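**Student:** Mind having a look at this structure? Questions to follow.
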Amino acid sequence: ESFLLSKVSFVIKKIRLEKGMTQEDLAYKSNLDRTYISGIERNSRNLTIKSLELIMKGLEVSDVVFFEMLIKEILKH
Amino acid sequence: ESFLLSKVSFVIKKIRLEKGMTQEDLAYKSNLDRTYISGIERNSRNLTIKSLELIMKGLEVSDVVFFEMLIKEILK
Amino acid sequence: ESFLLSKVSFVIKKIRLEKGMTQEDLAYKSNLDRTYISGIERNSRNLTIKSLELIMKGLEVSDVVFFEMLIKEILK
Amino acid sequence: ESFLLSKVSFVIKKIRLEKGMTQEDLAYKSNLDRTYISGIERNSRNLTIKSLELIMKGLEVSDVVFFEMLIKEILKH
DNA sequence: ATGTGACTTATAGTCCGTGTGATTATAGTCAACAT
DNA sequence: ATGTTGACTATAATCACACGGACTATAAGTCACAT
């Protein structure tokens, strides 16, 4: 599938667990379905920037902070 | 509209220019539609990550450079 | 404790008595433990439907007759 | 498995739909797990009088009218 | 060249439900001794 | 006869998650016509 997606997918989960959230909490605060949060983490779904933005707000994290961890995950071995 | 969306778009336009590309050529290079691109640059589109990825390929810019730039752009 | 659970227990005891049964006999007839039965009637047990069902069979009473009674008891 | 159980589980669903509720509303209002409401209807499951009571409160229905519909369902052919 | 508009078609995102391993609270069942 | 106190062990009930189908909103991709 897509390189960037699974990275975006990975980072959303990583943060979520770092903050001791559950998918239920997250989909809560992101005002998306808990099915969608699952869908994203599970099968790296192809979300929209707007949806990503909602998730960032849900993770109680900033644009910047997210993208900084995104860059880190991309760079890894 | 969205704050992020506008700066993604701004960034896309910034890079296209710093490189000296036309929209026509960014569309060709990324195998997407020119009106599609025009839309994004006037910020009338809400890309998916996949699309963004294709535009990065077209701009010939790695994900990292794009995001390094987007961050800087984000901080006024 | 619970209102319903109390009325259920009361009903179980009521029917046992109008039939002149002992607890010992109610437990023999439904193959459950006598201390188990005791416990319900002193309202110290929160039984499951399955258990309730075994007790109805031990009381020789249909589900319907039981609930008809339980409703009436519920209404003071 | 159990005669009465599938009757109880049938009636919980009947009411739930009659009141235009979804499972996960009822799971909230009944102050029980999401998956328990499913599990009760889905298969049958052997609930407790206390849990049944919670569900009745959740269906926004009285002990009495629940049991009245229970009786009616038992009596069917 | 770029910017519209408007018009399909793919798919992102929603909504309601099923099914499941793992853990925790508690009912199910049965001792010993009471009265 | 019934009551009560511990117990052990089955299972009710919880919690975090995956997975599917069907439906709705909207992004993806392509026309025509501006400039």
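**Student:** With n ≥ 4 as the cut-off for DSSP H runs, can you work out [θ] at 222 nm for chain B, using -39500 (n - 2.57) per run divided by the number of residues, rounded to the nearest 500? Please report the intermediate quantities before stating the final value.
**Tutor:** Working: 5 runs with 55 residues, N = 76.
Roughly -22000 deg cm²/dmol at 222 nm, from the helical runs in chain B.
**Student:** How large is the Kirkwood hydrodynamic radius of the protein assembly as shown, in angstrom, based on all distinct alpha carbon pairs?
**Tutor:** This gives a value of 24.2 Å.
**Student:** Note down the net charge around C:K14, summing +1 for each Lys or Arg and -1 for each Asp or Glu among other residues with Cβ under 11 Å from its Cβ.
**Tutor:** Spelling it out: positives minus negatives among the neighbours equals +2.
**Student:** If you bin every alpha carbon distance in chain A into 10 Å steps from zero, what whole percent lands in each bin?
**Tutor:** Histogram of Cα-Cα distances, whole percents per bin: 20, 60, 19, 1.
**Student:** Arranged by the count of other C-beta atoms within 10 angstrom, fewest first, what order do D:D63, C:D25 take?
**Tutor:** Fewest-to-most Cβ neighbours within 10 Å comes out as C:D25, D:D63.
**Student:** If you don't mind, there's one more thing I want to ask. Could you give the distance between the Cα centres of segment A:37-60 and segment D:1-50, to the whole Å?
**Tutor:** Their Cα centres are 32 Å away from one another.
**Student:** Using the Kyte-Doolittle scale, which helices in chain A average at least -0.5 and also have C-alpha atoms spread 15 Å or more along the helix axis, with helices defined as whole DSSP H runs?
**Tutor:** Answer set is A:3-18, A:63-74.
**Student:** Now a separate question. Over all Cα pairs of segment D:1-40, how is the pair count split among 10 Å bins, expressed in % and running from 0 up to the last occupied bin?
**Tutor:** Spelled out bin by bin, segment D:1-40 gives 30, 56, 14 percent.
**Student:** Cα to Cα, under 19 Å, and not fewer than 8 places away if on the same chain: which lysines meet these conditions relative to B:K72?
**Tutor:** A:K72, B:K7, B:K13, B:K14, B:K19
**Student:** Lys and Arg at +1, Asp and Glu at -1: add these up for the other residues within a Cβ distance under 11 Å of D:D25 and post the number.
**Tutor:** Spelling it out: positives minus negatives among the neighbours equals +2.
**Student:** Also, I was wondering about something else. Just flag the GluC sites (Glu not before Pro) in chain C sitting in loop per DSSP whose Cβ has no more than 10 other Cβ atoms within 10 Å.
**Tutor:** Numbers: sites: C:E1, C:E18, C:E24, C:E41, C:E53, C:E60, C:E68, C:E73; in loops: C:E1, C:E60.
Listed in order of number, the matching sites are C:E1.
Throughout, read-outs are computed from the coordinates displayed, never taken from laboratory work. Every residue, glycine as well, gets a Cβ built from its backbone with ideal geometry; the counts of neighbours run over all protein chains shown.
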